[PDB]
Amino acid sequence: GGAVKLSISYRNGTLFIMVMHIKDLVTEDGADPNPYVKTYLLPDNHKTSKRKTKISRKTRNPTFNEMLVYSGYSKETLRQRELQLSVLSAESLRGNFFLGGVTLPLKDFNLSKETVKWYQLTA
């Protein structure tokens, strides 16, 4: 269900997640969604680590260019965490439905470098 391009970096105690754009989203009903991107820093059992982009209206290829920021973690701590990224449609007459997501263990990243990559959305 499409792919998201992210820039991931770390400086001054802060994980920076730049959500750039998404391509080729699909809806079951065939109407254009109103995507926004939401992330949680797992583990999280009470949802206290949410971040959200703004809504992008009526498009299967949103551009956000939006920084989501997690301050106050050491690199050693982040290596125990997973970035859970979800794409959702903001809807006024029905539930905000899921369009795909991806979960990125932070142990996979060189946090001394900026990592710009596409990621496949799955269900």
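Start at 1 and count along the sequence shown; that's the residue number.
When the C-alpha B-factors of 40 to 48 and 66 to 74 are averaged, 40 to 48 comes out higher. Residue 15 sits in the middle third of its chain by CA B factor, as recorded in the PDB entry.
Looking at the C-alpha B-factors along this chain, the one for residue 111 belongs to the highest third.
Ranked by Cα temperature factor within the chain, residue 121 sits in the middle third according to the deposited record. Among all modelled residues in this chain, the alpha-carbon of residue 81 has a temperature factor (C-alpha) in the highest third. Residue-level temperature factors show residue 94 in the highest third of its chain, judged at the C-alpha atom.
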